[PDB]
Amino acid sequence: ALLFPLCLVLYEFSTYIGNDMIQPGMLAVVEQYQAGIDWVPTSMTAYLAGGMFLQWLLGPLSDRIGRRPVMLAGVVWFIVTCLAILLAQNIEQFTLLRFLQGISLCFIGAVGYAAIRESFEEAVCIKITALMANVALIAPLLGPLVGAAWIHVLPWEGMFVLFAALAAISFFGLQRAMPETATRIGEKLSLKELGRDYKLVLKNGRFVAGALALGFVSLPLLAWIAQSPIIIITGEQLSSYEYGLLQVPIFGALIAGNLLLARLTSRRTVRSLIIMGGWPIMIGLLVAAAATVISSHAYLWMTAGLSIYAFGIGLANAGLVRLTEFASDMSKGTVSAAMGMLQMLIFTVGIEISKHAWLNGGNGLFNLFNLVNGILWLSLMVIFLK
């Protein structure tokens, strides 16, 4: 019974470290290919861009042909594309395979989590949702620490063998444990019908504002994940110790913000938690921007600002995700996929803008772009909350 949700969580973990272990490893990757450091954050951009490729299709598709075969195909695709990147002959082919690997991210929410809601009761589903949320918080903390430790002893190729191996364990467990729970098995799938749905959700102004706001507000965190290898190691000329150590207060604060959210949710509305989290979000981004404009190498102030920011994200984002879902009356699969794709668009484009910001203006410009993104979230929250 519970072997199904556990293997889905193991698969979730494997795809999350698929990003988070690789980013510190990208310094070794670009050294092996003799590619520029500008390809380091583009690894994450490709991986994210893959995750918005089939996200629209898979929910409606798996409802018609079965949750089992579609989920198993996504796990097998992840394994094959993880092993396939070892044969990449240049950084362009490497980046292409990061994109193909990224398609595997679509299957977690659209196919896997849909089957969890259909299978289990409301009480058990909430416990599984919380476990998946905890794995999402642990991955970006341990990922860079483990990735940095991995690369000093073992080659980058081994990391993809690890992700494939962890995904292969979840495949066999999902093969045995996952029940078929698709409701519309046998019915026809119309692409024009899907077109009509996704055009209709985008007409909702509050839904779009909330989804866009989630993308803008989390972009500084994702930009840090993408670039912190090249910012700290290449830019500031520091070791993996400093790199790994500076992840702790940032992602520890993100966890702390979520722990505070858990203790406050019974006596706070989602509106108040957005306003309460908004103070650390804006103050954190201001401190990081102002310090690095005053002095480009003020990386401890940057880390302090990002940690205060991350605390507010942990407090505010889950509530905004809920309000954005309530803003649209259309089906949960369409609503989840649409707001997921809107965030991914902002993350992919944002990380590339962030890359060019840092390459042209150093830490100051990196943090100033992140501040603008915080202001765009804040602007949207003024409209979104009347």
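Residue indices: 1-based, along the sequence shown.
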Mean C-alpha temperature factor, higher of 167 to 175 and 114 to 122: 114 to 122
Average Cα temperature factor in the PDB entry - higher stretch of 59 to 67, 353 to 361: 59 to 67
Residue with highest C-alpha B-factor in the PDB entry, from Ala256, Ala304, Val201, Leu86: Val201
Residue with maximal Cα B-factor (values as given in the PDB entry) among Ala213, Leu191, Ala288, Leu100: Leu191
Assigned third (lowest, middle, highest) for the C-alpha B factor of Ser328: highest
Third of the chain, ranked by Cα B-factor, where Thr183 sits: highest
Chain thirds of CA B-factor: placement of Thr348: lowest
Third of the chain's Cα B-factor distribution that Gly314 belongs to, per the entry: middle
Relative C-alpha B-factor of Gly244, binned into the chain's lowest, middle or highest third: middle
